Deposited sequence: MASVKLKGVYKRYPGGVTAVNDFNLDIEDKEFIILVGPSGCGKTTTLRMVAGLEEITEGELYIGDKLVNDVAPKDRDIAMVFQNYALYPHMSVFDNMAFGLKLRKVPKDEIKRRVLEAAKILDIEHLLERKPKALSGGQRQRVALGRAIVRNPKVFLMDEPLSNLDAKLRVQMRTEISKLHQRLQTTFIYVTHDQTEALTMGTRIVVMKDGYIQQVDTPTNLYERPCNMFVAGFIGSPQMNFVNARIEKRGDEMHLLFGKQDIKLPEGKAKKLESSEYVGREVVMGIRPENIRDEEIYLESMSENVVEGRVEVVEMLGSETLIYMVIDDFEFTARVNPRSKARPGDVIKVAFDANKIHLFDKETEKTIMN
């Protein structure tokens, strides 16, 4: 367990890098820190590790306050992008720096075969490059059985398909040792599967802390909504209008009827509507059931992937991206009848940019 109570970090010149970071990681938890560059996500990790000092706040590991504890005295394994293995040491010895009980150390180190480095086991760092030397750094930390793991983009020099293989082995390791993990990555796509809870940070402030599913389906503001999930969620200005007992959203000359179950102090007001691509669907089941919420749009580019078909269109004056089932019939220039799934509409304040529900 690690707790950060009201933690600040200020840079030279008074600039605030991390602003009131409060969060309680329970033990045996996988927490992911995502956010744009300079959002303070990397800074907090260096502070939990003890590489930067904590200007203000408290940091506890278990029960012990460690703000002024040297990194070596925290029982933490760290992998950062300065992994920097020693050039004139074998792969084994470069992973065997756990001070120790030799001849069992080897067993655990050979078990690092999970990283597919067993065929490099007696090599030296210069013969590997890019991805392989980063998997060596991982290995070093992998055999440490610490109280918490701290990882800063440890799979960034690897290629797609091998990064995926090592992400599943990190998750299995957390499932096996059940020690706290704090994982930092630029990629968002690796947050949604790995972490128990995800923390979205922006310009030093944490926007939201929730489970991957909850971040995806209940964002707190337009930023989190437009930061998690790709391609970016579609955004339009819309006016809420009550017609009869129905509640409608109007943007351009188009008309979306919200389902009975939505709402008070925003009726007649103009809001921003948010729908994700996979909720603009063209299969005709939806075009008959959600007939009230079908809109005609002029397709401009289509992209077929085998997993999906992404359709980029323009409705009245606004560009929209849609995700439909693989191998679609749409082509650039035609106008297609898309249905907006009102049950998946997000509504934010135009000024505060936070959600109304």
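Absent C-alpha positions map to the deposited sequence ranges 1-2, 102-106, 271-275, 370, in order along the chain.
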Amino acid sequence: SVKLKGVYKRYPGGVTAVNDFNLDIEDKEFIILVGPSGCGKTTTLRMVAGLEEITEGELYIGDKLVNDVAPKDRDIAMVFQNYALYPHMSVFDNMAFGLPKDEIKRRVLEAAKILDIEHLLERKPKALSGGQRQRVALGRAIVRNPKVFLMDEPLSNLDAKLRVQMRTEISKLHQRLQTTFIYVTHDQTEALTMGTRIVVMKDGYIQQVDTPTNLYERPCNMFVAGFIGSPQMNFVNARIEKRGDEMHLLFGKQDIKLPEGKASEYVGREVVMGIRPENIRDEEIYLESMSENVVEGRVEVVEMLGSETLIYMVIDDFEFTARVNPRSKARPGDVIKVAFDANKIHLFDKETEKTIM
From here on, numbers count along this sequence of modelled residues.
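Between 30-38 and 325-333, the higher mean Cα B-factor belongs to 325-333.
The deposited model assigns a higher average Cα B-factor to 183-191 than to the other stretch when 237-245 and 183-191 are compared. Of all the options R123, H174, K257, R167, the entry's greatest CA B-factor is assigned to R123. If you compare the C-alpha temperature factors of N157, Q208, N82, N279 in the entry, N82 comes out highest. When all modelled residues of the chain are sorted by CA temperature factor, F251 is found within the middle third. Per the deposited record, the Cα B-factor of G98 falls in the highest third when ranked against the other modelled residues of its chain.
The PDB entry assigns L138 a C-alpha temperature factor belonging to the middle third of its chain's modelled residues.
When all modelled residues of the chain are sorted by CA temperature factor, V314 is found within the lowest third. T55: CA B factor in the highest third of modelled residues in this chain (values from the PDB entry).
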